[PDB]
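Q: I'd like to ask you about the structure that follows.
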Amino acid sequence: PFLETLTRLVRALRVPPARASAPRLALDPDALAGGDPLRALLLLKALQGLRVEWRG
Amino acid sequence: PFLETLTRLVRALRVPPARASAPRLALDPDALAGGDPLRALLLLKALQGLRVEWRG
Amino acid sequence: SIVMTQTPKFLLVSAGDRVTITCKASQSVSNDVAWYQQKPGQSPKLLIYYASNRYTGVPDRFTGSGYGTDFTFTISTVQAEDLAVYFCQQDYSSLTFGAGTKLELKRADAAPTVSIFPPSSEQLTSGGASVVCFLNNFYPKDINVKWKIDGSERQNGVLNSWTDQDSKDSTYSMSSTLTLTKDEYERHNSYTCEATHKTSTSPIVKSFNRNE
Amino acid sequence: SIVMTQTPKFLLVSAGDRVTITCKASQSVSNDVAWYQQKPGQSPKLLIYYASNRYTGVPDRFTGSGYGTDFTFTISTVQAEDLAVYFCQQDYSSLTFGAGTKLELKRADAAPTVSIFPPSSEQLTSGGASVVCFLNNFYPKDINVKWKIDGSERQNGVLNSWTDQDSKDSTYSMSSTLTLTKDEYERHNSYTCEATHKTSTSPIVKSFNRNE
Amino acid sequence: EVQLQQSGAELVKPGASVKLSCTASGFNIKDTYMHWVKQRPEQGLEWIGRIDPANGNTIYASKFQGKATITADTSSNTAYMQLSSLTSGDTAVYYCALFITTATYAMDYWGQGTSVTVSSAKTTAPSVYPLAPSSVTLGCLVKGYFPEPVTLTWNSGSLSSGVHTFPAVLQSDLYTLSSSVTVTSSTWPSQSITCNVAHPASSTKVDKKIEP
Amino acid sequence: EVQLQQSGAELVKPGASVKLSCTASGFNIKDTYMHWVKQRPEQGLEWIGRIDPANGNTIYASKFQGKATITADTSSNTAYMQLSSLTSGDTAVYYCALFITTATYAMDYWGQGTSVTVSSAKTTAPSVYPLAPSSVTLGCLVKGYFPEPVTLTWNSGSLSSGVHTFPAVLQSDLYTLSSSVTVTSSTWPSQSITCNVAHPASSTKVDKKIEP
Amino acid sequence: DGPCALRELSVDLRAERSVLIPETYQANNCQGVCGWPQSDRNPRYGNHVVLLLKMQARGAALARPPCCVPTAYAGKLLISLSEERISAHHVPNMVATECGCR
Amino acid sequence: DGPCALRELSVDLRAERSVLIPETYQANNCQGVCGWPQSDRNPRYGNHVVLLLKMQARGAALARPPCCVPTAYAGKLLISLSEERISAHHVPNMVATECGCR
């Protein structure tokens, strides 16, 4: 309803690069192990991170 | 008068070995850097160390 | 586009000398450069990436340096297993692969070994005739070969082929072939193959006769 | 005293094989053993200490293992620069240096090159005469050499000398000398040097005549 | 480990199109891009284009635009390149590559190479001939075949010492090749020596025996 | 760095005594012991004894006790070994060594070797002779000298390709030696080739030129 | 190359279902060569390292010479976004931030 | 050899004039090879080391692979004896007592 639109927007903004050489490797995240108050503060953190990310 | 006799005794007790192969290297000590109450406690520490050393 | 100029285009060492190669750029390329190696009949293999690092398995002889617009690659002590062609690549834009530089070794002189073979029976039955001349294990590269029939010159139909420098003793080789028709072949009597080289004041001649 | 027995006493490889040597002890020697290498005409060099280690500059091919009363030393891929003699040393008591193991390579067969030289003028003036026969670049080791004067056998005064395996192409050599007095040398007319080897069904003979 | 496998050599008419393939192994192509490279005998290496399997965005050089289409399929880890509008100038060797270079790590993998030929001739089968004369030299001659690839061996691969094989030469839309072997004087005619020729395009295998 | 330097070869009468020396360089001998080692041509290595310069306590094997005295002097970093009561069985090569082996580090340094011979013969000077006949082989012969050490060179060291030098052989307390060189057919007699012989014991230098 | 110091090394984290924030995962690495006498910009060596270097200089041959390694670390936080669930995780000792050879 | 573990390394201290106590100076050092998966007896690896090991396993080629190094130290005290003066000194970070690869 709302979070899915945010996911779609995030995916849309991440446009592919146009450089002719690979910048670095890609590795899946699998083996470095560690009124809802969640969905409240987490989205604030996510937007704070996106603020810095988008400037690039 | 007294300390010199201790030095002579320490030198005498350190007899040379009879093994036919060199055990390890020798290196001079100028590599690493840091009613008298001195001559009162230092002698006690030295005797405590010699206690363990002599058993070999 | 960035254009990379590599020098020198040719080289020659004595198996104990030091070697240096330069690869200049046409525009500021930061420090994105790579040095490769390609032996005959094989795909290239990376030797040095970025500007100074070394790929796994590379010995300590090879090294490289440079920055900005000048890059150099040097080998300290050449060995007998370092016959190949070296390229320099940049990556700041669409990739470019330099021009390439060859390499050669040295050794003492030697003389060729000459053999001559006449046509076989099956080929004669077919309708043609071929005479073959092999020159083996000589040095240096330059040599001359001539054919003579019945004591006269002949320079039509000859085919020559050369070989690359050997990896075991660094010696060359060569093959020559002369082709004729059966009727023309059966009309003459004697054939000779002559070789001229640096290590002899007179030609080396090998001859054969048809009748015997 | 501790006695070390080393096996095998001889070896032979094909430049691409794996080699293993063992050095057993006569008493519990903990893990105090070292392995050396002595090339011809030089002083030894260390290769492995405390039964498993590597001195500075030792490549990855060599390795060693063992403990208690059995120790082994193995090379994976032999090369052409590994012709030497290997020893095993212990240190638990007065040092002992094993017995030593040799090593050899292989290659395709080849035939000898034969040369014969007569006596010089100065030597003839002196009062003696010496005839020399050189055999060069043959394989395998075994060969036979015979001298003949005026078509007869002669087996007195001959001297022979051999050469070690070459490090460039792995081939042997040999020299033979025959000594006589001036008058005895001048009494005869012809001399011949004959060589018998595996790679020929008939002997190779080189002859010369005194008159011309 | 990682391995790149490619197709076989191809010959096409002047005006058709080809589709080359490159399949990985022990790796996932989604991790990084795939590059296609071209090589000519004397013009040096060049760059054609690259593809990114994850998104499908491809990049081509400024010279190959409009006559080369690169596509990828991650269901089986494969990449294809379609080459169109051939003009007899594309006869060359093509390579499949993975490149990554960074200040702290790198990765470089290459294929094996696919050969592409453009001509309007017709396929044909070879003709094999033997040649017969303290050493002996023998030869095997292959004449009149098309296209280039062909394999020649001596004694089924059990004789690889002192053997020379000269490169092919083309004249009048037909190739030629020769091979020479040298042996000692005690292994012929006491033994059997044969030359084997295999042409895969026409599926022909021949063996010929040398006799005096 | 560390370097061990020794004396020269010595010849002694059967019944006298010898004093060998070994001097270090770039090191202090007080750090560790000094070992003396013996080697015979066919019996392998052996251990004689060791000395500790700091205190002066020395250790000898169980077989060399009573006929070998080891001393040290730290004012100039030198060690001496005195050998007494020679019996013509001590002709051998002697080495000066430093050994240290530990689970974490090690040191191993060897000298160059001093040769000791025991005989009752008399010194003598050599005699040099030349030997002259698409290749040519020439020879230089050295006859009738004592003791063993002698040096032979061609063109003062400017010709070291295709040259063989055979080992010395002893008969009737006199030695012999020969050397052979092979060159092509376009470098003789168009140039000059000479063999140089140097005997240090008698201080003799000779050069002989080969002529047809 | 130069002496022992810190240098960049980063990767990309990809998931087939969710989206991760941040994308580029940064984890530097220590690299270089440290010798005797010191010519660096990091703190002074310890006593152990100088002892080993002097042992090497005297003429010995160690079986494990000194190496440039990091000596500090920092944590990181990751966010995973997917329908019906947004998650956050924190992992310590991920990013190197200093170098010094031991 | 075995995996990354501690081992002995000692020297002797000599003076021309005074006498030092203790004589044999002990300063251990560790050696071995630490691989993936872990087969050791020390604490578990960090996240940085496992990241590097996975990067190596995937097919990459790092310019500085992980190494066995120490992570703890202890001090020592020395006594110098000579006529008219007996002295003592204390020096920290001399003896290695634990180690694991980073």
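By order of appearance in the structure tokens: chains A, B, ..., then residues from 1 within every chain, and ligands from 1 in the order shown.
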Give me the chain A side of the contact with chain G, cut-off 10 Å, one line per residue showing its nearest atom pair and distance in Å at one decimal, counting only C-alpha atoms, sorted by chain and residue number, as CSV.

A:
residue,atom,partner,partner_atom,distance
A:1,CA,G:83,CA,9.1
A:2,CA,G:83,CA,9.4
A:3,CA,G:83,CA,6.7
A:4,CA,G:83,CA,6.0
A:5,CA,G:83,CA,9.7
A:6,CA,G:81,CA,9.3
A:7,CA,G:81,CA,7.3
A:10,CA,G:19,CA,8.6
A:11,CA,G:19,CA,8.3
A:23,CA,G:11,CA,9.2
A:24,CA,G:11,CA,6.1
A:25,CA,G:11,CA,5.6
A:26,CA,G:12,CA,4.7
A:27,CA,G:13,CA,5.5
A:28,CA,G:14,CA,5.2
A:29,CA,G:13,CA,6.0
A:30,CA,G:15,CA,9.5
A:32,CA,G:91,CA,8.1
A:33,CA,G:91,CA,7.6
A:34,CA,G:91,CA,5.2
A:38,CA,G:86,CA,8.2
A:39,CA,G:86,CA,7.1
A:42,CA,G:86,CA,7.5
A:43,CA,G:86,CA,8.4
A:45,CA,G:79,CA,8.9
A:46,CA,G:79,CA,7.4
A:49,CA,G:22,CA,7.4
A:50,CA,G:21,CA,8.2
A:52,CA,G:22,CA,10.0
A:53,CA,G:22,CA,7.9

Q: Keeping only C-alpha atoms, take the residues you just selected and write them out as a PDB file, in the first residue's frame.

A:
ATOM      1  CA  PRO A   1       0.000   0.000   0.000  1.00  0.00           C
ATOM      2  CA  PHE A   2       2.701   2.497   1.028  1.00  0.00           C
ATOM      3  CA  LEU A   3       5.962   0.584   1.523  1.00  0.00           C
ATOM      4  CA  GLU A   4       5.632  -1.134  -1.863  1.00  0.00           C
ATOM      5  CA  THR A   5       5.508   2.259  -3.577  1.00  0.00           C
ATOM      6  CA  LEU A   6       8.688   3.216  -1.714  1.00  0.00           C
ATOM      7  CA  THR A   7      10.359   0.022  -2.936  1.00  0.00           C
ATOM      8  CA  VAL A  10      13.940   3.146  -4.831  1.00  0.00           C
ATOM      9  CA  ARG A  11      14.317   0.604  -7.634  1.00  0.00           C
ATOM     10  CA  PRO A  23      33.686  -1.088 -11.001  1.00  0.00           C
ATOM     11  CA  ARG A  24      33.716  -3.929  -8.458  1.00  0.00           C
ATOM     12  CA  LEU A  25      32.447  -7.399  -7.590  1.00  0.00           C
ATOM     13  CA  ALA A  26      28.950  -8.386  -6.445  1.00  0.00           C
ATOM     14  CA  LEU A  27      28.391 -10.709  -3.483  1.00  0.00           C
ATOM     15  CA  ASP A  28      25.114 -11.933  -2.013  1.00  0.00           C
ATOM     16  CA  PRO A  29      24.447 -11.173   1.706  1.00  0.00           C
ATOM     17  CA  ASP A  30      24.429 -14.684   3.237  1.00  0.00           C
ATOM     18  CA  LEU A  32      28.218 -12.511   8.154  1.00  0.00           C
ATOM     19  CA  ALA A  33      25.828 -13.362  11.005  1.00  0.00           C
ATOM     20  CA  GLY A  34      24.780 -10.833  13.622  1.00  0.00           C
ATOM     21  CA  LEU A  38       8.792  -0.774  14.147  1.00  0.00           C
ATOM     22  CA  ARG A  39       7.608   0.778  10.863  1.00  0.00           C
ATOM     23  CA  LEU A  42      12.910   2.350  10.795  1.00  0.00           C
ATOM     24  CA  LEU A  43      11.385   4.422   7.999  1.00  0.00           C
ATOM     25  CA  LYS A  45      16.324   5.836   9.360  1.00  0.00           C
ATOM     26  CA  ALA A  46      15.728   4.623   5.797  1.00  0.00           C
ATOM     27  CA  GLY A  49      20.054   7.082   4.477  1.00  0.00           C
ATOM     28  CA  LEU A  50      18.348   7.730   1.143  1.00  0.00           C
ATOM     29  CA  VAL A  52      22.772  10.839   1.421  1.00  0.00           C
ATOM     30  CA  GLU A  53      22.501   8.106  -1.209  1.00  0.00           C
TER      31      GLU A  53
END

Q: With only C-alpha atoms counted and 10 Å as the cut-off, give the residues of chain D in contact with chain H, each with its shortest interatomic distance in Å and the pair that gives it, as a Markdown table.

A:
| residue | atom | partner | partner_atom | distance |
| --- | --- | --- | --- | --- |
| D:51 | CA | H:1 | CA | 9.9 |
| D:52 | CA | H:1 | CA | 7.1 |
| D:53 | CA | H:1 | CA | 8.2 |
| D:65 | CA | H:1 | CA | 9.9 |

Q: Selection from above, N, CA, C and O atoms, as an mmCIF file, in the first residue's frame, can you write it?

A:
data_model
loop_
_atom_site.group_PDB
_atom_site.id
_atom_site.type_symbol
_atom_site.label_atom_id
_atom_site.label_comp_id
_atom_site.auth_asym_id
_atom_site.auth_seq_id
_atom_site.Cartn_x
_atom_site.Cartn_y
_atom_site.Cartn_z
ATOM 1 N N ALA D 51 63.135 -30.566 10.465
ATOM 2 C CA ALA D 51 62.333 -31.633 9.881
ATOM 3 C C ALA D 51 61.160 -31.124 9.047
ATOM 4 O O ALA D 51 60.548 -31.902 8.309
ATOM 5 N N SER D 52 60.828 -29.833 9.147
ATOM 6 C CA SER D 52 59.777 -29.246 8.312
ATOM 7 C C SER D 52 59.908 -27.723 8.387
ATOM 8 O O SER D 52 59.378 -27.108 9.314
ATOM 9 N N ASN D 53 60.580 -27.135 7.408
ATOM 10 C CA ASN D 53 60.711 -25.684 7.290
ATOM 11 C C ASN D 53 61.383 -25.410 5.952
ATOM 12 O O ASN D 53 61.635 -26.329 5.168
ATOM 13 N N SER D 65 59.224 -34.215 5.569
ATOM 14 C CA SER D 65 58.324 -34.576 6.657
ATOM 15 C C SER D 65 58.920 -35.750 7.420
ATOM 16 O O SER D 65 59.972 -36.283 7.059
#

Q: Could you tell me which residues of chain G sit within 8 Å of chain E when counting only C-alpha atoms, and give me the result as a PyMOL selection string?

A: chain G and resi 7-9+29

Q: When you look at residue 108 (chain D) with a cut-off of 9 Å (counting only C-alpha atoms), what residues show up, excluding the ones that are within fewer than 6 positions of it in the same chain? I need them as a list in words.

A: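 Once the adjacent positions are removed, what remains is residues 139 of chain D; 161 and 162 of chain E.
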
Q: Let me see the file: selected residues, N, CA and C atoms, as a tab-separated table (two decimals), in the first residue's frame.

A:
chain	number	residue	atom	x	y	z
D	139	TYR	N	75.78	-40.27	-25.77
D	139	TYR	CA	74.83	-40.74	-24.77
D	139	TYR	C	74.33	-42.12	-25.18
E	161	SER	N	60.27	-36.46	-30.21
E	161	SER	CA	61.62	-35.94	-30.05
E	161	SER	C	62.26	-35.77	-31.42
E	162	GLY	N	62.81	-34.58	-31.67
E	162	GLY	CA	63.43	-34.31	-32.95
E	162	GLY	C	62.46	-34.33	-34.11

Q: Could you work out which residues of chain F fall inside 7 Å of chain B? Count only C-alpha atoms, and format the result as a ChimeraX atom specification.

A: /F:31-33,100

Q: Deliver the residues from the most recent selection as a file, using C-alpha atoms, as a compact mmCIF listing (two decimals), in the first residue's frame.

A:
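The result, stored in part.txt:
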# COMPACT_ATOMS: atom_id res chain seq x y z
CA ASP F 31 78.06 -14.74 19.38
CA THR F 32 78.24 -18.49 18.69
CA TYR F 33 80.57 -21.45 18.25
CA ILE F 100 72.22 -22.67 14.35

Q: Hey, what does DSSP flag as helix (DSSP H, G or I) within chain F? Can you give it to me as a ChimeraX atom specification?

A: /F:29-31,155-157

Q: From the set G:100, G:2, G:59, G:46, which residue has the shortest atom-to-atom contact distance to chain H, counting only C-alpha atoms?

A: G:46

Q: For chain D, report every residue with an atom at most 10 Å from chain B (counting only C-alpha atoms), formatted as a list in words.

A: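 Contact residues on the first chain: residues 91, 92, 93, 94 and 95 of chain D.
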
Q: Taking only C-alpha atoms into account, what are the residues of chain E at most 12 Å from chain D, put as an MDAnalysis selection string?

A: chainID E and resid 134:135 159:162 182:188 190

Q: Once you have the residues from the selection above, write them out as a PDB file, in the first residue's frame, restricted to N, CA and C atoms.

A:
ATOM      1  N   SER E 134      75.314 -41.407 -39.454  1.00  0.00           N
ATOM      2  CA  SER E 134      74.694 -42.252 -38.440  1.00  0.00           C
ATOM      3  C   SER E 134      73.350 -41.679 -38.000  1.00  0.00           C
ATOM      4  N   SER E 135      72.620 -41.093 -38.947  1.00  0.00           N
ATOM      5  CA  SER E 135      71.293 -40.562 -38.678  1.00  0.00           C
ATOM      6  C   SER E 135      70.478 -40.625 -39.962  1.00  0.00           C
ATOM      7  N   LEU E 159      56.153 -40.621 -30.493  1.00  0.00           N
ATOM      8  CA  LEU E 159      57.438 -40.115 -30.974  1.00  0.00           C
ATOM      9  C   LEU E 159      57.305 -38.600 -31.097  1.00  0.00           C
ATOM     10  N   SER E 160      57.919 -37.870 -30.161  1.00  0.00           N
ATOM     11  CA  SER E 160      57.823 -36.415 -30.126  1.00  0.00           C
ATOM     12  C   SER E 160      59.180 -35.757 -29.909  1.00  0.00           C
ATOM     13  N   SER E 161      60.270 -36.458 -30.207  1.00  0.00           N
ATOM     14  CA  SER E 161      61.619 -35.935 -30.046  1.00  0.00           C
ATOM     15  C   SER E 161      62.263 -35.765 -31.415  1.00  0.00           C
ATOM     16  N   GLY E 162      62.806 -34.579 -31.668  1.00  0.00           N
ATOM     17  CA  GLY E 162      63.431 -34.307 -32.952  1.00  0.00           C
ATOM     18  C   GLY E 162      62.462 -34.329 -34.113  1.00  0.00           C
ATOM     19  N   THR E 182      63.801 -37.042 -37.336  1.00  0.00           N
ATOM     20  CA  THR E 182      65.173 -37.531 -37.397  1.00  0.00           C
ATOM     21  C   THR E 182      65.382 -38.588 -36.322  1.00  0.00           C
ATOM     22  N   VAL E 183      65.971 -39.721 -36.705  1.00  0.00           N
ATOM     23  CA  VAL E 183      66.235 -40.822 -35.784  1.00  0.00           C
ATOM     24  C   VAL E 183      67.640 -41.355 -36.040  1.00  0.00           C
ATOM     25  N   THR E 184      68.123 -42.161 -35.098  1.00  0.00           N
ATOM     26  CA  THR E 184      69.470 -42.705 -35.176  1.00  0.00           C
ATOM     27  C   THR E 184      69.514 -43.855 -36.179  1.00  0.00           C
ATOM     28  N   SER E 185      70.681 -44.484 -36.289  1.00  0.00           N
ATOM     29  CA  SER E 185      70.928 -45.492 -37.311  1.00  0.00           C
ATOM     30  C   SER E 185      70.635 -46.912 -36.845  1.00  0.00           C
ATOM     31  N   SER E 186      70.197 -47.101 -35.600  1.00  0.00           N
ATOM     32  CA  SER E 186      69.892 -48.428 -35.079  1.00  0.00           C
ATOM     33  C   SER E 186      68.414 -48.607 -34.758  1.00  0.00           C
ATOM     34  N   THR E 187      67.543 -47.715 -35.240  1.00  0.00           N
ATOM     35  CA  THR E 187      66.108 -47.828 -35.008  1.00  0.00           C
ATOM     36  C   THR E 187      65.317 -47.768 -36.310  1.00  0.00           C
ATOM     37  N   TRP E 188      65.956 -48.045 -37.442  1.00  0.00           N
ATOM     38  CA  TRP E 188      65.266 -48.090 -38.724  1.00  0.00           C
ATOM     39  C   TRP E 188      66.161 -48.767 -39.757  1.00  0.00           C
ATOM     40  N   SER E 190      64.706 -51.338 -38.514  1.00  0.00           N
ATOM     41  CA  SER E 190      64.457 -52.358 -37.502  1.00  0.00           C
ATOM     42  C   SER E 190      63.113 -52.174 -36.811  1.00  0.00           C
TER      43      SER E 190
END

Q: Just the number, please: Cα RMSD of chain E on chain F after least-squares superposition over all C-alpha atoms matched in order.

A: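 Result: 0.1 Å C-alpha RMSD.
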
Q: If the cut-off is 9 Å, can you tell me the residues of chain G near chain H, counting only C-alpha atoms? I'd like them as a VMD selection string.

A: chain G and resid 27 29 to 32 46 to 48 63 to 64 66 to 71 73 91 to 96 102

Q: Could those selected residues go to a file with C-alpha atoms, as a PDB file, in the first residue's frame?

A:
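Now in selection-v6.pdb:
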ATOM      1  CA  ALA G  27      35.616  -2.379   4.081  1.00  0.00           C
ATOM      2  CA  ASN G  29      42.310  -3.025   3.839  1.00  0.00           C
ATOM      3  CA  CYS G  30      45.850  -2.548   5.133  1.00  0.00           C
ATOM      4  CA  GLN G  31      48.679  -2.788   2.628  1.00  0.00           C
ATOM      5  CA  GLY G  32      52.316  -1.781   2.248  1.00  0.00           C
ATOM      6  CA  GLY G  46      56.495  -2.040  19.796  1.00  0.00           C
ATOM      7  CA  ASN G  47      59.394  -3.818  21.444  1.00  0.00           C
ATOM      8  CA  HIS G  48      58.532  -7.191  19.895  1.00  0.00           C
ATOM      9  CA  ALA G  63      60.042 -18.240   9.544  1.00  0.00           C
ATOM     10  CA  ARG G  64      57.396 -15.505   9.968  1.00  0.00           C
ATOM     11  CA  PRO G  66      56.545  -8.943  10.385  1.00  0.00           C
ATOM     12  CA  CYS G  67      53.393  -8.052   8.454  1.00  0.00           C
ATOM     13  CA  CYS G  68      51.156  -4.999   7.971  1.00  0.00           C
ATOM     14  CA  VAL G  69      47.780  -5.701   9.609  1.00  0.00           C
ATOM     15  CA  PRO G  70      44.915  -3.596  10.972  1.00  0.00           C
ATOM     16  CA  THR G  71      44.374  -2.991  14.673  1.00  0.00           C
ATOM     17  CA  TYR G  73      37.386  -1.950  13.705  1.00  0.00           C
ATOM     18  CA  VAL G  91      26.966  -6.158  13.012  1.00  0.00           C
ATOM     19  CA  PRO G  92      30.186  -5.202  14.854  1.00  0.00           C
ATOM     20  CA  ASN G  93      33.810  -5.395  13.739  1.00  0.00           C
ATOM     21  CA  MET G  94      33.296  -4.851  10.011  1.00  0.00           C
ATOM     22  CA  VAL G  95      35.269  -1.794   8.828  1.00  0.00           C
ATOM     23  CA  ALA G  96      39.016  -1.506   9.350  1.00  0.00           C
ATOM     24  CA  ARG G 102      53.145  -6.709  13.945  1.00  0.00           C
TER      25      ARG G 102
END

Q: If we count only C-alpha atoms, what is near residue 41 (chain D) at a cut-off of 12 Å, once residues fewer than 3 positions away on the same chain are taken out, given as a ChimeraX atom specification?

A: /D:37-38,44,84-85,164 /F:41,93,112-113

Q: Mind dumping the selected residues with N, CA and C atoms as a PDB file, in the first residue's frame?

A:
ATOM      1  N   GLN D  37      72.167 -29.829   0.091  1.00  0.00           N
ATOM      2  CA  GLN D  37      72.392 -30.005  -1.341  1.00  0.00           C
ATOM      3  C   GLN D  37      73.794 -29.524  -1.679  1.00  0.00           C
ATOM      4  N   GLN D  38      74.597 -30.382  -2.306  1.00  0.00           N
ATOM      5  CA  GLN D  38      75.961 -30.048  -2.716  1.00  0.00           C
ATOM      6  C   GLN D  38      76.119 -30.262  -4.218  1.00  0.00           C
ATOM      7  N   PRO D  44      78.205 -27.140   0.626  1.00  0.00           N
ATOM      8  CA  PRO D  44      76.783 -27.465   0.801  1.00  0.00           C
ATOM      9  C   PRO D  44      75.928 -26.227   1.036  1.00  0.00           C
ATOM     10  N   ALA D  84      72.557 -32.773  -8.194  1.00  0.00           N
ATOM     11  CA  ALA D  84      73.373 -32.562  -7.003  1.00  0.00           C
ATOM     12  C   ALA D  84      73.332 -33.833  -6.164  1.00  0.00           C
ATOM     13  N   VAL D  85      73.893 -33.755  -4.959  1.00  0.00           N
ATOM     14  CA  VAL D  85      73.931 -34.861  -4.009  1.00  0.00           C
ATOM     15  C   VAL D  85      73.298 -34.380  -2.712  1.00  0.00           C
ATOM     16  N   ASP D 164      81.931 -35.241 -16.367  1.00  0.00           N
ATOM     17  CA  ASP D 164      80.636 -35.349 -15.716  1.00  0.00           C
ATOM     18  C   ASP D 164      79.520 -34.893 -16.653  1.00  0.00           C
TER      19      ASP D 164
ATOM     20  N   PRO F  41      87.136 -37.460  -0.813  1.00  0.00           N
ATOM     21  CA  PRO F  41      86.432 -37.608  -2.098  1.00  0.00           C
ATOM     22  C   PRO F  41      85.301 -38.626  -2.097  1.00  0.00           C
ATOM     23  N   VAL F  93      89.725 -32.105   2.178  1.00  0.00           N
ATOM     24  CA  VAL F  93      89.278 -30.717   2.102  1.00  0.00           C
ATOM     25  C   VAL F  93      88.620 -30.356   3.426  1.00  0.00           C
ATOM     26  N   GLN F 112      85.013 -21.638   2.198  1.00  0.00           N
ATOM     27  CA  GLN F 112      85.284 -21.976   0.808  1.00  0.00           C
ATOM     28  C   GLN F 112      86.046 -23.281   0.634  1.00  0.00           C
ATOM     29  N   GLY F 113      86.746 -23.753   1.664  1.00  0.00           N
ATOM     30  CA  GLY F 113      87.421 -25.033   1.601  1.00  0.00           C
ATOM     31  C   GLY F 113      88.915 -24.924   1.381  1.00  0.00           C
TER      32      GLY F 113
END

Q: Go through chain D residue by residue and, counting only C-alpha atoms, keep those with an atom at most 12 Å from chain C; for each kept residue give the shortest atom pair and its distance in Å to one decimal, ordered by chain and increasing number, as JSON lines.

A:
{"residue": "D:57", "atom": "CA", "partner": "C:60", "partner_atom": "CA", "distance": 11.5}
{"residue": "D:59", "atom": "CA", "partner": "C:59", "partner_atom": "CA", "distance": 10.9}
{"residue": "D:60", "atom": "CA", "partner": "C:57", "partner_atom": "CA", "distance": 11.6}
{"residue": "D:80", "atom": "CA", "partner": "C:168", "partner_atom": "CA", "distance": 12.0}
{"residue": "D:168", "atom": "CA", "partner": "C:169", "partner_atom": "CA", "distance": 9.8}
{"residue": "D:169", "atom": "CA", "partner": "C:169", "partner_atom": "CA", "distance": 9.3}

Q: Write the selection just made, keeping N, CA, C and O atoms, as a short mmCIF file (atom, residue, chain, number, x, y, z; two decimals), in the first residue's frame?

A:
data_model
loop_
_atom_site.label_atom_id
_atom_site.label_comp_id
_atom_site.auth_asym_id
_atom_site.auth_seq_id
_atom_site.Cartn_x
_atom_site.Cartn_y
_atom_site.Cartn_z
N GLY D 57 64.75 -18.28 0.31
CA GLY D 57 65.07 -18.46 -1.09
C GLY D 57 64.75 -19.83 -1.64
O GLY D 57 64.91 -20.04 -2.85
N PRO D 59 62.54 -22.61 -3.22
CA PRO D 59 61.23 -22.61 -3.89
C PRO D 59 60.25 -23.57 -3.24
O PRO D 59 60.57 -24.21 -2.23
N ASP D 60 59.05 -23.68 -3.80
CA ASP D 60 57.98 -24.46 -3.20
C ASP D 60 58.05 -25.95 -3.56
O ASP D 60 57.40 -26.76 -2.90
N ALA D 80 65.78 -29.22 -14.73
CA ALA D 80 67.12 -29.45 -15.25
C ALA D 80 68.21 -28.85 -14.37
O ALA D 80 69.39 -29.14 -14.61
N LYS D 168 74.06 -28.15 -19.54
CA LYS D 168 73.39 -27.44 -20.63
C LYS D 168 72.55 -28.37 -21.50
O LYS D 168 71.43 -28.00 -21.87
N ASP D 169 73.06 -29.55 -21.84
CA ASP D 169 72.33 -30.50 -22.66
C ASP D 169 72.39 -31.93 -22.14
O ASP D 169 71.79 -32.82 -22.76
#

Q: Write out as a PyMOL selection string each polymer residue whose atoms come within 7 Å of residue 130 (chain F), counting only C-alpha atoms; drop sequence neighbours fewer than 2 positions from it.

A: chain F and resi 128+132+139-141+208+210
